[PDB]
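[1] here's my sequence, what's the structure:
(2 chains)
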There are 2 protein chains.
Amino acid sequence: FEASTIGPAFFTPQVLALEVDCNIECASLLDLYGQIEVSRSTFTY
Amino acid sequence: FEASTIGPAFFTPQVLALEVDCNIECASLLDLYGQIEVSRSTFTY
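    Numbers count the residues shown, from 1 in each chain, chains lettered A, B, ... in the order given. Below you will find the coordinate block:
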């Protein structure tokens, strides 16, 4: 029963516990800006 | 009887223990890469 003459169904592959992830996100400046809290869609100053 | 008249076969030289060796094995990058071990011929990720 040479592997070259039988179906893949008999050979279950190993499952690695890794996950390639190439995505990145650039640093944010949000901490510099001034923080304001509101409770309505419109405001005045 | 003297050397330069008798043949070389009458003298047995001393045998030293040191074994000269000039070859080198360059340092490998292998330990920088990511290390994985698989007990099977195929793996998935």
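
[2] what residue in chain A comes nearest to chain B?
    Taking Cβ to the nearest Cβ, chain B has its nearest neighbour within chain A at residue A:13, 3.7 Å off. In this view, the C-beta of every residue, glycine as well, is placed from N, C-alpha and C.

[3] tally of neighbours for that residue?
    12 (other Cβ atoms under 10 Å in any protein chain shown).

[4] so it is in contact with residue B:43, correct?
    Yes - contact between residue A:13 and residue B:43 holds when scored by Cβ atoms under 8 Å: they sit 5.9 Å apart.

[5] mind listing what the residue of chain A closest to chain B touches?
    B:40, B:42, B:43, B:44 (Cβ atoms under 8 Å, 6 or more residues apart in numbering or on different chains).

[6] what about the first one, neighbour count?
    For residue B:40, the count of nearby residues is 10 (other Cβ under 10 Å).

[7] cool, the third one as well?
    Residues within reach of residue B:43, counting by other Cβ under 10 Å, total 14.
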